[PDB]
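Take a look at the structure set out below.
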Amino acid sequence: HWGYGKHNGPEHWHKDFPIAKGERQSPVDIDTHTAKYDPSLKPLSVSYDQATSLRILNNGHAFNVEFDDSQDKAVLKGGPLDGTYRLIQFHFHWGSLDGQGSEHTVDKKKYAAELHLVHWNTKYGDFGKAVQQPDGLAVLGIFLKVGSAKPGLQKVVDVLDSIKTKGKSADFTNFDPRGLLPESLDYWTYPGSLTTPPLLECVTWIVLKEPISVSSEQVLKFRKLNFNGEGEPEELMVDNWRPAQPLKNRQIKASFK
Ligand SMILES: CC(=O)c1ccc(B(O)O)cc1
Ligand SMILES: [Zn+2]
């Protein structure tokens, strides 16, 4: 199917997913000097106190920490969102080297990796119904650079040997995603889509300005994962990011000056 190589990478996705050439695709480059501070923006509200993680999965594209979204336990509201968005899963995209990996860029700058905290609007009932709506999803993007170690990430780094190949999964309860958040909630926001197929244009993107630091060893463990499935030729899971897409008829708002 689709992947990230030279034969199935992003530049090929449009053949099986025409919306790849859509009018509100992600990711995009964030021109910090062209984004306009928006007063009407309300303060962001991250209520992850009752978050309940369940499993960690290698899907052959990335690895998802999945949560129990059967109740309003870890929600995202305020900011540009109208209503309540339930956290369903979070994933990363990283590069083969520290100077790449992120999907969004800031003034064309690429980060070592990008963390996506995915939530879906609770007025749609579930995630599968929510992805079919223009305001069905809210994704919290957080950049990752190499530097100091991010303690709240080590628990995820330690379990990755259990999900090395596509399809493998492992119990992963009691993970607190608040350890993955940066100090500040300053953000840019814009209307976009999922960054992998089906590339549905259903996402409100909230990208935090302040990155989180991770050690080179923490990301190195990311690079030891496998695209392939067990017993198959080893393709290392690296550079699983979509490059910046055309901004088109969109303006990026900022929550700060
Ligand atoms: C297919 C799917 O479930 C998914 C795809 C991309 C993202 B993202 O851009 O944050 C999240 C979820
Ligand atoms: Zn993603």
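For the chain, the dipole from Cβ point charges (+1 on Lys and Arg, -1 on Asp and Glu) about the Cα centre works out to 500 debye, to the nearest 20.
Spatially, segment 107-124 and segment 192-257 are offset by 7 Å when compared through their Cα centroids.
When the P(r) is computed for the chain, the part past 32 Å accounts for 15% of the Cα-Cα pairs.
By DSSP, the beta bridges lying fully in the chain are antiparallel in about 75 percent of cases.
Modelled this way, with points 7 Å down the Cα-to-C-beta line, the labels at residue 169 and residue 73 are 1.5 nm from one another. Among the trypsin sites (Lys or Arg not before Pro) in segment 90-158, those placed in a DSSP loop whose Cβ has at most 13 other Cβ atoms within 10 Å are 108. Taking all Cα pairs closer than 8 Å and separated by 6 or more residues, the relative contact order of segment 181-257 comes to 34 percent. Per-residue ellipticity at 222 nm from helix content only, as computed over the chain with -39500 (n - 2.57) for each DSSP H run of at least four residues, stands at -2500 deg cm²/dmol. In this simple spin-label model, placing a label point 7 Å from the Cα along the Cα-to-Cβ direction at both residue 176 and residue 132 gives a separation of 3.9 nm. Rounded, prolate or oblate for segment 27-165? Axes are the square roots of the Cα gyration tensor eigenvalues, ordered a ≥ b ≥ c, and the cut-off for rounded is a/c under 1.5. In terms of gyration-tensor shape, oblate. Using C-alpha pairs under 8 Å with a sequence gap of at least 6, the mean separation divided by the residue count of the chain gives a relative contact order of 26 percent.
Pairs from the table (15/108; 73/257; 109/248; 21/129; 123/155) lying more than 25 angstrom apart at Cα are 15/108; 73/257; 123/155. Placing unit charges on the Cβ atoms of the charged side chains and taking the dipole of the chain about its Cα centre, the candidate lying farthest along the positive direction among 12, 90, 190 is 190.
Counting charges near residue 189 (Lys, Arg +1; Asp, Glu -1) among other residues having Cβ under 9 Å from its Cβ returns a value of 0.
Here the 3J(HN,Hα) profile of segment 43-53, calculated from phi with Karplus coefficients 6.51, -1.76 and 1.60 at θ = phi - 60°, is x, 5, 10, 9, 10, 9, 4, 10, 5, 10, 7 Hz, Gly and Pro shown as x. Exposed loop sites were defined as GluC sites (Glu not before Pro) in DSSP loop states (anything but H, G, I, E or B) carrying at most 11 other C-beta atoms within 10 Å; in the chain the longest segment without such a site runs 1-182.
Counting 0.36 nm for each residue step from residue 186 to residue 230 and taking away their Cα separation leaves a gain of 11.7 nm.
Only beta bridges with both residues in segment 116-257 are counted; by DSSP, about 60 percent of them are antiparallel.
Rule-based calculations on the coordinates, nothing more; no lab input. Here Cβ is always computed from backbone atoms with ideal geometry, including for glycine, and neighbour counts include all displayed protein chains.
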